[PDB]
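The data below hold one chain only, encoded as structure tokens and taken in the form deposited in one PDB entry.
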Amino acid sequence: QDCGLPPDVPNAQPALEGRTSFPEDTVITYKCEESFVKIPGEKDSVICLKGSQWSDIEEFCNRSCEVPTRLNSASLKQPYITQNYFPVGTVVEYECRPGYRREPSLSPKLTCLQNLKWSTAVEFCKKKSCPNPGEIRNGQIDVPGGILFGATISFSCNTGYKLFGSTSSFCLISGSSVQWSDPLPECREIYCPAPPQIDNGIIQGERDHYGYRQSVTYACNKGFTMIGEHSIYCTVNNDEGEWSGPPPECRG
């Protein structure tokens, strides 16, 4: 009263695991072979009946494509998102991921060819472009690889200016769109320390501030003689301002 090995079903292999004798009421499920998927709603199993007789079963496996190809730009739409049965002719549709945008000129759909291969995918979903980085007063924005989603940009300040803020920004996905990670930094003028006053001399047209390359010219009072260069200059190595040298001196 024990059934032998289940019948032979084309493109399917019964899950014995790993018996030989199956007691009555024993339900054996068949699994479709590679490149085959069970046709929905069809009998895929048998059962040991009275008389050591297995129930009846017939071909339930049709040729089908592998689960659609995973793409970075687009995700599958329902119900394809949970389907496994893709008989030749099956057409699936994708929906742009975040943050990508649809390309009007192309189909977000794929077709299951006769060779069980999904049709070549195009760029139906492209990277969303980030806002124009803008401009940094007395600074520069380095765009090494565009400004689209995932892009990075670095910042720098021209000579004589110190950078205040982030040195870079990434085009990350922000809510409903792609947004720069960090805001534009600031390039603030580097100022030299107050020029030195000298004994018996003055500074001609003294100023409030002194930035890179600006200068101060001294003048000895009446009766005194200048010893040294008349002027010094604000040098700005290295994000800190410093006078070129020492002020002249006035000998009476």
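Residue numbers run from 1 along the displayed sequence.
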{"property": "Mean C-alpha temperature factor, higher of 235 to 243 and 8 to 16", "result": "8 to 16"}
{"property": "Per the entry, higher mean C-alpha B factor between 167 to 175 and 137 to 145", "result": "167 to 175"}
{"property": "Largest Cα B-factor, entry values, listed residues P131, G89, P108, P104", "result": "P104"}
{"property": "Maximum C-alpha temperature factor, selected from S45, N200, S215, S52", "result": "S52"}
{"property": "Where the record places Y100 (Cα B-factor, split into thirds across the chain)", "result": "highest"}
{"property": "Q204 CA temperature factor, ranked by third within the chain", "result": "lowest"}
{"property": "Lowest, middle or highest third - CA B-factor, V27", "result": "middle"}
{"property": "For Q78, the third of its chain into which the C-alpha B factor falls", "result": "highest"}
{"property": "Assigned third (lowest, middle, highest) for the C-alpha B factor of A194", "result": "lowest"}
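If you look for the form deposited in another entry, you will not find it shown, but the lines that follow are about it.
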property: Hinge candidate matching the rigid-part switch between the shown form and the other one, set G201, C171, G99, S64; result: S64
